[PDB]
């Protein structure tokens, strides 16, 4: 499938060890102001560990009484050890993988969501995103809010900036031709 991607990318890798907050409504409006609108149909929404052509290790925890969804996907190109921890916790040991997404969040995404998380460990050795991840339909859109990464910072068509949660983010739009979902 062909679709546009929305990006919020910190101007510097965010500290990992204490609880971090992603006020999502800030990124949503900032995207709206630049003509970037999400779909009317909301898919899942997680604080995930996105990896590609890399190996590493992560340990994330997502707090909520109400977090229900468990996301564990992989195009089966490499080895991916994803353990569904207790509560909102989870870990990932990936090796020479291709693409994959692992995170815990919500079955249905909300443009008003508020997220507290504690990256117990962020040791990506290659390409890996410590990002808030989710999709929407009508239009079909894959959105990102990246706080940290590995060897590659996600860029694209620059559209502006937004200050949120004591951190400034660069805004990008990218396009993919022949990408699925999940």
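Positions refer to the first chain, counted from 1.
Chemist: Mean CA B-factor: is it higher for 64-72 or for 35-43?
Modeler: In the deposited entry, the stretch with the higher C-alpha B-factor mean is 64-72.
Chemist: Determine, for stretches 14-22 and 166-174, which one has the higher mean CA B-factor as deposited.
Modeler: The stretch with the larger average C-alpha B-factor is 14-22.
Chemist: Going by the entry, which of 107, 99, 81, 89 has the most elevated CA B factor?
Modeler: Going by the entry's C-alpha B-factors, 107 comes out highest.
Chemist: Looking at 151, 55, 138, 49, which has the highest CA B-factor as recorded?
Modeler: That would be 138.
Chemist: Lowest, middle or highest third of the chain for the C-alpha temperature factor of residue 155?
Modeler: As the PDB entry reports it, the C-alpha B-factor of residue 155 lands in the highest third of its chain.
Chemist: Ranked by Cα temperature factor within the chain, is residue 181 in the lowest third, the middle third or the highest third?
Modeler: Its C-alpha B-factor, which the entry lists for residue 181, ranks in the highest third among residues of this chain.
Chemist: Of the three thirds of its chain by CA temperature factor, lowest, middle or highest, which one includes residue 29?
Modeler: Residue 29: CA B-factor falls in the lowest third of its chain.
Chemist: Where does the C-alpha B-factor of residue 132 rank in its chain, lowest, middle or highest third?
Modeler: Tercile = middle for this residue's CA B-factor.
Chemist: Please say which third, lowest, middle or highest, residue 5 falls into when its CA temperature factor is compared across its chain.
Modeler: Its C-alpha B-factor belongs to the lowest third of this chain's values.
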